[PDB]
Every structure is written in structure tokens, then in C-alpha cells.
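Just passing along the structure, written as C-alpha cells.
Naming follows writing order (A, B, C, D and E), and every chain is counted from residue 1.
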Amino acid sequence: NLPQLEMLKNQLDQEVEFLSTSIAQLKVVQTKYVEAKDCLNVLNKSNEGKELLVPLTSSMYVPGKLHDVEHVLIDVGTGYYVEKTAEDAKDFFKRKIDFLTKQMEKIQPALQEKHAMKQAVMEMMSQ
Amino acid sequence: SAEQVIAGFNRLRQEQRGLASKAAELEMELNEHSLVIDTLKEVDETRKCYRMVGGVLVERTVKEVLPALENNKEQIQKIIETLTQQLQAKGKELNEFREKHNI
Amino acid sequence: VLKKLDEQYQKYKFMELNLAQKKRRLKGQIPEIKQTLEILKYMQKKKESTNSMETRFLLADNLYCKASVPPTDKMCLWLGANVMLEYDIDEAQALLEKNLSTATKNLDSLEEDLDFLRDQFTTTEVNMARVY
Amino acid sequence: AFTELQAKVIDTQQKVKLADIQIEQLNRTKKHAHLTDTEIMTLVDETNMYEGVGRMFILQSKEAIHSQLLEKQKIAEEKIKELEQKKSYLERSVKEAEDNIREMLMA
Amino acid sequence: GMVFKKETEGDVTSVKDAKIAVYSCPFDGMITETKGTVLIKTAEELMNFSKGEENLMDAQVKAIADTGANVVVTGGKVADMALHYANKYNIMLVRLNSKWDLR
């Protein structure tokens, strides 16, 4: 009874934290998908011609001039070049936002399943 | 009874770990304030200095970038002493309330 | 006797973890300074590489906008902590090469000395145990 | 039986813990969007001002950037109302139900 | 008066009126064997640990001489590096003591 449950409640604590860390990773993945749409919102609205400071590399910025706001690269596949317009790019970002949400949604009751089972072992040891 | 003493000392130790995350989080930033203010003074400051952080560039000069560098370094070293005194005062307070309760 | 051998086994293993905390911070510095030199030294400027070129800007991690480049000849590098200064090529080049050479030697010279600082810690704890 | 109605309000407690942490972000995002608006309303020397979401920083005049940054604090101002009403609602849902649980199990 | 069979090491006390310092193990003696990875990677840190060990027991006989005690009682063994500074400081030493000697 009780020595089995004291080993059992400690195992489920890792299984919560292993899944919850995977939730924390996929939020970072959909973070840049929100971030790429909001960069794209300024792009069509402003105009071509405005000066931008973009990273040449890490912590080093190169200036430049802006042209062709209605044609953008989308990085999908295994790392593949896909040229799209800016209008279809917003739809595919929000599609990937709901996709990464869907990746966390299948974990989410199972994340709560490992938490509620551990609490029930805490109750069964208490009862 | 001796259980109120030995458990209250466990309460003061857990606040030492609650003290632990906040002061060292600021302490990592003051050394970044150390390395930045030295490279700016060695390099040319006649051309205009900006302030670049994540998400915003405000077009500035050297005379507006320079004082906040010395300001934000001095504010950190005060708070890491301040956060030490407050949480260690909290460990003294919970011990005497446990001794006056269960007597 | 194996009993004196067994105490030195555990005191050697625990001091290995304190070394790995210091080497990985030395490890994390190296690729970041590595990206600064090789991207600069191949493009070398809009000026040095002979006017207007092509570009596909980094707006985000997956969204790149294609355009024609032509900027003016400066590079606004990023120092950190509410500081940006505009720079040129010659100021940005010789600085990062020095940070390139040290970050290897910061990893190389310490990783031997950490291996003997572990050996100081394991040797110290066993001589006091055998005496008192 | 009575075990099932115990677990429902316990599962409602962790939804409050999710509700408690959302208001800490949205209060911070309002004030920080207000804080960056103050520093650009501080200067009068230069109309040059860069805005961006990624590591891009587009060249625009500062005055149109103010009114957009007036909208940035405002949407974060709008969300702290709907969350705190929600956070109180999930608080009232679990705590008033918790009054039902313990006093009738101990009875 | 108190009879101690243990052999008197070093010279006699500076005064017979000396303050008696009775210690469980102030002085040590070094020998070791194979480590977690066998027989550690250098002998330089063995020399580096040996230099501070002598200056440690140099200051131990010095601080006893400073504080007024002119005799030290060692329930542990005698260090050689501790010994040759104790002769110049004119402090009498006991090479080793048992459990009944200290109490």
C-alpha cells in the first residue's frame, strides 16, 4: 500500500514536468509565428523604400532599403525555400499558430492526467 | 515542545532559497553594465550613440545614452542588498509567531 | 586497502560536475563570436564588395523579404545594455578577431586547470580523513 | 459517488492558478508599452525613430509611431479588464463550491 | 601534577606560567592513493597544495604565540612543517594524544 504509493507519486512528478517543458518549447515555436505576422503587418502598410537595420549576423546590423513588400519568403518543409505573397503568408502563420496550439492541445489533458493521478496517490496515501 | 523550533528553522531556510533567485538575477546584469560602459569610453563617442534593445531603436546621441548607463548599474547593487535584508527579516518574523501560537 | 580507494572514488566524481558548469559558459561564448567574423569577412561591405548587391532581409526567423539593398556605408553594431553605436568595417573587424582568438583559449587554458582544481578537491578531503 | 465531486473543484483550483498568472503579464505589457512611449515623447530633437517586431527596424517618422504606440498600451489595457473579471469568476466558482465540499464531508 | 607518557616534541615552553592550548587535531600528515581516475593528471597541484600547507601551520603556531598560549596539545600527529616554526617560537609540542589525555 503505502511504500508503493510513495514511489508512485514521485514518478508522476517527472512526467508532469517532462510534458510541461514540451509545452514550454512549443510556445516558443508559435511565438515567432506571431512575431512574423506582426513584422509583416508593418511591411505592406508603410511602403517600399524605407531604411531597415537587419542582422548581418549575430549582434551586427547592416542597413538597407526596402523593396517589393508583396513577395516574401516562407520557411516550411524541412528547411525549404517557399516564395509566397504577403497575403497568403499571414494565413499560413496563423495556421502554424493553431498547429502548435494543436500540438500542445493533445498534450494538455494528458499533462493534466499526470497531475491529477499524482494528487490521487497523495490522497490514497492520506486516506 | 521542541517541534516549533526545528520546523521554524526549516521555514527560514526556504526563504533563503526564495531570496536566492531574485538577487542573483539582477547580479548578472550589473556585470553586463560593467562591460558596456568601458567599451563605449574607449571607442569614439563623437558620432551619435543609439540605444538598441529587443524591439525598439530610438535615434539618440552619446549624451543621452551615457548617464543611464551609470544610473542602471548603481540601481542594481542597491536592490541586491535590499532584497537580502527584507527576506532575512521575514525569517525572523515567522519564528516568533510560531512560538506564541502553540504555547 | 580498498577502503581508502573507495572514499577517493566518490570525492573525484562529485567534483566533475562543478567543472562542467564553468566549461559550458565558456562553450556558449564561442559560436556567438564565431558567427560575427565569418559573415563579415565574406561580405566585407556594400562598399568593399562593389555596389548594389542582392539581399533577402531577416525580418523574422521564417519571414524573409526580398529587395534591392543599396545602403550607405556604415554598420550599426550592437553592444548591449541600451547601447548602439554606428561603426565602420575597420573598427568592427579587429575587435572581433581578438574576441575570436581568446574564446578558444578561454576554453582551452581553463579546461586543463579545471581538471587539476578537481584534483585539488579530491586530494584535500582524504588526508584530513585519514589523520583525524 | 462523493469522490467525483471532490476532484471537480480540485481541477478548478489549477485553472485559477492559470488565471492568476495571466494578469501579471498583461499588466506588465501595458506599462512597458507606456514606458517606451514616454522615452520617445521625451525627445524633441529628432523625428527619426525605428519600430519593429523582429530584428528589423524600419525608418519612419516618430509621430505616426506614437499613435501606434498609443494603441500598443491600449490593447494591453483592454485585456486586463476581461482577464480580471475572468480571474475573479474562476475564483468565485471554485471557492464558493469549496464551501460545499469540506463541511459536508466532515459532517 | 599531570603526568603524560607522550614524548615531548620541540623545545620546552617559553614560561612555566604558560596558557595551555588543548586541541583535538591541529596538525596533520599527508599520504594518499589512487583516485576516481587513478593517480591524478599532474604533480603540480601536489606541489601547490604543499606550499600552502606549510604556511597554514606556520600561521597556526604563530597565532597561538600571538594569543598568549605558549604550549599546544595535539591529539593528532605532528606535522614536520609545523614543527620547525614551533622551535623558533619556543612553544612546546606534544606529538600525539589519546582520548583520555584531552579530557
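As a working rule, a residue touches a chain if its C-beta (ideal position, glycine included) is under 8 Å from a C-beta of that chain, and two chains touch if they have at least 3 such contacts.
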item	value
Common touching chains of subunit D and subunit C	A, B
For subunit E, the least number of touch steps when starting out from subunit C	1
Chain pair with the greatest number of C-beta contact pairs	A-C
Most central chain, judged by mean C-alpha position against the global CA mean	B
Inter-chain centre distance, subunit B versus subunit C - centres from mean C-alpha coordinates, in Å	26
Whole-Å separation of chain centres (CA-atom averages), subunit D against subunit E	66
Between subunit A and subunit B, centroid-to-centroid distance (C-alpha), Å	30
Between subunit B and subunit E, centroid-to-centroid distance (C-alpha), Å	45
Subunit D, residues touching no fewer than two other chains	50-57
Subunit A, residues touching no fewer than two other chains	35-36, 39, 51-55, 61, 66
Subunit C: positions in contact with at least two other chains	57-61, 63, 76, 78, 80
Residues of subunit C defined as touching subunit B within the complex	76, 78-86, 91
Sites on subunit A touched by subunit D in the complex	35-36, 38-39, 42, 46, 50-55, 61, 66, 112, 115-116, 119-120
Contact footprint of subunit A on subunit C as seen in their complex	32, 35-36, 38-40, 43, 46, 55-72, 74-78, 80, 92
Subunit C-touching residues of subunit A, taken from the complex the two chains share	32-33, 35-36, 39-40, 43, 48, 51-69, 71-76, 83, 89, 93
Complex contact set, residues of subunit E against subunit C	24-25, 28-37, 40-42, 44-46, 48-49, 75-77
